[PDB]
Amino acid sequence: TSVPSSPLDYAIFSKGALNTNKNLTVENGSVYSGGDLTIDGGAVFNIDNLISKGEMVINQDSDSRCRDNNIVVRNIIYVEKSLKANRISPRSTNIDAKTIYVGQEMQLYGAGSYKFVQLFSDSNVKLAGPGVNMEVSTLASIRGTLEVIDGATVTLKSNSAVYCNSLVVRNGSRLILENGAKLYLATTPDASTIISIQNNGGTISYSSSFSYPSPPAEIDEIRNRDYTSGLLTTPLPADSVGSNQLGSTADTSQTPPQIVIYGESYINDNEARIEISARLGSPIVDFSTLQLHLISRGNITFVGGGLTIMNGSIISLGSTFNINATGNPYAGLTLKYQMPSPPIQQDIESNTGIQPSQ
């Protein structure tokens, strides 16, 4: 349930708005955006936390070089504003999270399986369209309306507890209660809605007097933490070797070695490889050979036609951040998170000054 305080815990950390590339695969760590977080089609994540301090948007892309979104979050999805899962047939957006909080509206249009242990919304939750299927396994607190339309379904799993102001279900949609599930509604719905509920041994309390569950502590922690406390405005380092526009520090005390690349204005990967080769004193064709940390205040671009595989992390400390693939928008990036070694942690801390609040 703990959410990491330091940008070094993140597979991808963005100070400002984050726009991902298509066919992004992320394994381990967390992902954070201090502004709007736009996830492009074909995201496949298996991460601990996914945080946006703005709007979150999850896109779909029917190009045959693309694929479905499959987002698995072991702890928390946090969205300060609205979450919007867009719809492009015949794609799916599958999301499986322990805890999701959305401060404004949750709008699920793209088909997919959305599975939450606990859901907290400070507004409405709207599912619209064929194949849009949500399951709540334990708890949900929805301060506005739960709207389930146009073929969408919602399943309240056994012994779950769900608290909503209002419920609307119409247009070929269903709300399913499994055994012992408890639904509490502050109001009484219309006839059509009621006849769209399939109650398999649960209980519905209509126009019920109840208190909402409040989001777990972790939520207010995320809301009140300034994730870039202490951040300097010093430009990221550059050095004369390699590419004059980039800087680097290496840790060769392990094998494979670790390296941090700094690009104040941007980083492009073929230029990063020139910096890497110069710093390590050896030829480098790719990155699977290496633990790599890329830190910029501009965009990070992967220029190959093909998939880039890396181990490490990506940190943007600029106002906004795009991960771009210009060889072919579908080239893809696979990122396996790895914590930097202590010397590289210290180097990054020194050059940026981020000091998380204790």
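The first residue of the shown sequence is 1; numbering continues from there.
Taking the PDB entry as given, 236 to 244 carries the higher mean Cα B factor of the two stretches 236 to 244 and 196 to 204.
Looking at 281 to 289 and 81 to 89 together, the entry lists the larger mean B-factor for 281 to 289, computed on C-alpha atoms. Per the PDB record, 216 has a higher Cα B-factor than any other of 189, 216, 263, 151.
Across 105, 271, 147, 135, the greatest Cα temperature factor reported in the deposited entry is at 105. Residue 256: CA B factor in the highest third of modelled residues in this chain (values from the PDB entry). In this PDB entry, residue 129 carries a Cα temperature factor that places it within the middle third of its chain's modelled residues. Ranked within its chain, residue 329 lands in the highest third, by CA B factor from the PDB record. When the modelled residues of the chain are ordered by their C-alpha B factor, residue 350 lands in the highest third. In the PDB entry, residue 312 places in the lowest third of its chain by CA B-factor.
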